[PDB]
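Starting off, we have a lone chain in the form deposited in one PDB entry, written out as structure tokens.
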């Protein structure tokens, strides 16, 4: 028995490793926490393969897609444990009447400002152009945040009416997509204008923004509670407040519930549930993670009634209420990827705001059709890379269809040692398919 944990690199993974080493002292079970990049994308590729984690930590929005593929184990908490966490966090990890993860903490973006460079932060977005010009004369800048991840750009886009999927009477409408309406265009136009008027740089990312704010070079940034730890060390005199309003409407950040899912085929399910229920989601467990990087508003009632007395957590909750909970439907991946493309292309000038958001809408409504419209041209006649050629040969053998002579000539000419190892990998792929189903 052993536990392998995956968590994002901006969260307190060292603190989590301490509760894991607490677990090991008590149980003798090894616990390993890793922070791979794009782990939310890697998980469906490694689930049920033995190459993945027993426990995956990410915002709740990605877990519905995992569940629809049958990759997440359904959790079975006791009523007593169920009541230890806030009902709002349990709903974030519910998908088709089943719980598919343990909710950990509520995270929401907030405005972080340098009190020495700006004692009175702007209440509206429109104050920032005039405010940037004034600080630029003093060798500073008004605002810097990560423009290349749509999580950070969305609060302004949704402010005046942008939305992902329309939500009417308890269900999401996967075909009513609102990334291309008037309010979305209004917010994204304003953001591009800031870049054209040299108030922001379109290439700015997370590290540049956070380094700039912690170096006292920018007055404001937009970030979540995890950022507070490094501002503390940097001794920047900072505050956390509500995001500026746009066209009088408040900014509407997408609210994330950090959640821990278990691989449906993991041999260590009961060890995973025990670690999550009895070690991490306790006062001491979450305090260990919180000390490394702040979790935000935790789902555990006892600890959150103490956390709620910090004005930074109060600001997070207030920004969180102005926003909305992220959907957990599988189409969210298409939503994020399309919106990431649109905001970067508009900010860099490769498309207009109207061209960028329309394409973003077409991706979303067309993505449920899958990554493949039709086998690559000439594949069933033997044209293509050998790995894809062996895949289609395996397919035709599975279906008892006689392959073309072009395929058979490719089948005869491929190297013995290379074709064998490729086809052994195919067997490892089917081995995973078997485990996913047997875990149902």
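Numbering follows the first chain given and starts at 1.
Novice: Which has higher Cα B-factors on average according to the PDB entry: 362-370 or 154-162?
Specialist: Per the PDB record, 362-370.
Novice: Identify the stretch, either 180-188 or 220-228, whose C-alpha atoms have the larger mean B-factor according to the entry.
Specialist: The stretch with the larger average C-alpha B-factor is 180-188.
Novice: Based on what the PDB entry reports, which of 277, 210, 283, 355 has the top C-alpha B-factor?
Specialist: That would be 355.
Novice: Would the CA B-factor of residue 66 place it in the lowest, middle or highest third of its chain?
Specialist: Middle third, going by the recorded CA B-factors of the chain.
Novice: In terms of the CA temperature factor given in the entry, to which third of its chain does residue 206 belong: lowest, middle or highest?
Specialist: As the PDB entry reports it, the C-alpha B-factor of residue 206 lands in the middle third of its chain.
Novice: Sorting the chain's CA B-factors, does residue 56 end up in the lowest, middle or highest third?
Specialist: For residue 56, whose C-alpha B-factor we compare with every modelled residue in the chain, the answer is the lowest third.
Novice: Divide the modelled residues of the chain into thirds by Cα B-factor and specify which third, lowest, middle or highest, holds residue 134.
Specialist: Tercile = middle for this residue's CA B-factor.
Novice: Ranking every modelled residue in this chain by its Cα temperature factor as given in the entry, which third contains residue 43?
Specialist: Answer is lowest: the recorded C-alpha B-factor places it there.
The same protein also exists as the form deposited in another entry; that form is not shown, yet it is the one meant from here on.
Novice: Where the C-alphas switch from fitting one rigid part better to fitting the other, that's the hinge; pick which of 38, 309, 370, 412 sits there, comparing between the shown form and the other one.
Specialist: The listed residue located at a hinge is 370.
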